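Take a look at this single chain in C-alpha cells; it is the form deposited in one PDB entry.
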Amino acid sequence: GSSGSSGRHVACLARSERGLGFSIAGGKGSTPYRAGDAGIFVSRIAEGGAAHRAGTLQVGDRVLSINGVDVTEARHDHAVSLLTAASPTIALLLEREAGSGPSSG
C-alpha cells in the first residue's frame, strides 16, 4: 500500500573563500522560498561541484540544523553566521520528504 517516511541526512562539503557552491533561501531576512514557510531551503546548488557531486543535496531540502545548531526557524543572517563561517567543513541537517503525493489522482 502507501507509505510515506521521510529521512534526515548529513551533508559535508569543503567551504572556500571563492564560494561553497550552494545557496540558502527562506530566512527571515530573505524571501520565503515557500509561501507560508519561515525556514530555510536550498535555492541553488553548485553543479559538477561539491554540493552537487555530493548527492545528498537538492534545491528544496530544508535545513533543520547547521554545524550542530538548530536553525529551523532561525533568521536568514542568523543561519548564515554558521555558513559564512571560516571552516573547512560544514554539516547541514537536510530533511528528505517523501513526496509521491499525486494531487490530481
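The first residue of the sequence shown is number 1, and the count goes up from there.
Just so it is clear, the following notes concern the form deposited with a partner chain bound, a form of the same protein that is not shown.
Proximity of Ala74 to the partner chain in the deposited complex: non-hydrogen atoms within 4.5 Å are absent; the residue sits far from the partner.
Using a 4.5 angstroms threshold between heavy atoms, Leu94 stays clear of the partner chain in the deposited complex. The partner chain is not shown here, but in the deposited complex it comes within 4.5 Å of a heavy atom of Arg44.
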